[PDB]
Structures are given as C-alpha cells and as structure tokens.
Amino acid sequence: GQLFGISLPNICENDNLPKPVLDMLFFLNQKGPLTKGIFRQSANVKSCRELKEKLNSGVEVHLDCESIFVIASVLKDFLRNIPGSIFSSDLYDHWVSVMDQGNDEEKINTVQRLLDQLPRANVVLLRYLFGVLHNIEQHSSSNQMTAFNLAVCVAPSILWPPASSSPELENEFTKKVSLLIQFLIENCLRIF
C-alpha cells in the first residue's frame, strides 16, 4: 500500500484523504502552534526516512510519539511527491501572476478560479493545510513562524514549474511564489 508519489485522486476513494495524511495535519494543528521554528528547523533525516518507509508500507504508526519536526518534514515530502504538485505545474504561470492583480478581492477571485481547476482531493487537502498554517501563524509571537516565514519554508513543496523547465526558471519566481503563499495563509478563510 504505497502512499507517496501518486496523484491524490488515485489514493483517495471518493476524495476521502488517507488517514496518515489526516493524522499528520491533526498533530501539526495541535502541536505546531506551540513549536518554535516549526517547518523551518530541519528534522533528523534518518527519522524521516524511517517514518516514510513505514507509511509507504501501510504499516502501523504512532504519530503522537514522533518528533513534530519529523511530522512537518514528512508532510512536506508527501506534498513534494505529488506528481505535478498540489497547485498543478500546468497553472504555474497563472499562480506567479496572482499578486500582480489589483486589490485583495481581485487577488482572491483569481485564486478561487484557479482552485476551481484543481482536482477535488487537492482542494480538500489544501483546505486542511492552509487552515493549519493559518493557526500556526496566529501564534507567531511565540513560535516565530509568521505567514512569510511559513511561506518560505513550504512554498517549494506546494508549487513548481513544469518538469521540462530549468531550475533557473523556478529560481526566478521563487520569491513571488512565497509572497503568494504568504497571502493565502493570511487570507485562507476568505479563499476556501
């Protein structure tokens, strides 16, 4: 029962998310807002490898005993292995232009129309996830992870350009992508 590297519709019966992905988002919603540097501080790579192997085997996992940084890293790895990315690399040129739209309502409208073109399973996951990050950002005075800091730390796991493009292309827009994700974290309640 493999979990990583597969489109979301193909791991989600009637667009119900996999339990271990839901569990990870739950513990991060619970523990994340209390954890300094969550998503930024690097986890133990061997621990991440071990957890990912377990999840990809469908074997039994106790997520309350894992380091929260390990959970954060493995979640991002899951996202980074969705073919085409959860925001769709096909829409990359549109996503990078969102922040050029006029005011906040016009930005929101542009984003809503792009979310409309994503598979349902993607949007359900994004709802959960931007909610978790919004919750975290709400405690930034404690945990230091403002919307901008979180956006820098997660953006490359959420969107990248089509596979045919060079890393220079990704590098050209990576700041704009982080500023878009910062906007979505801050406004996620008006968006989803």
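Counting begins at 1, following the sequence as shown.
Going by the average Cα B-factor in the PDB entry, point out whether 103 to 111 or 83 to 91 comes out higher. It is 103 to 111 that shows the higher mean C-alpha B-factor.
On average, which has the higher Cα B-factor in the deposited entry, 173 to 181 or 14 to 22? Comparing 173 to 181 with 14 to 22, the higher mean C-alpha B-factor belongs to 14 to 22.
At the C-alpha atoms, which of 157, 138, 42, 144 reaches the highest B-factor in this entry? Answer, based on the entry's C-alpha B-factors: 138.
Within this chain, which third does the Cα B-factor at residue 149 fall in: lowest, middle or highest? It falls in the bottom third of the chain.
Would you please rank residue 125 by its C-alpha temperature factor against the other modelled residues of its chain and give the third it falls in: lowest, middle or highest? Ranked within chain, residue 125 CA B lands in the middle tercile.
Divide the modelled residues of the chain into thirds by Cα B-factor and specify which third, lowest, middle or highest, holds residue 38. Residue 38: CA B-factor falls in the lowest third of its chain.
Of the three thirds of its chain by CA temperature factor, lowest, middle or highest, which one includes residue 59? Within its chain, residue 59 is a highest-third residue by C-alpha B-factor, going by the deposited values.
Once the chain's modelled residues are ordered by C-alpha B factor and cut into thirds, is residue 68 in the lowest, middle or highest one? As the PDB entry reports it, the C-alpha B-factor of residue 68 lands in the middle third of its chain.
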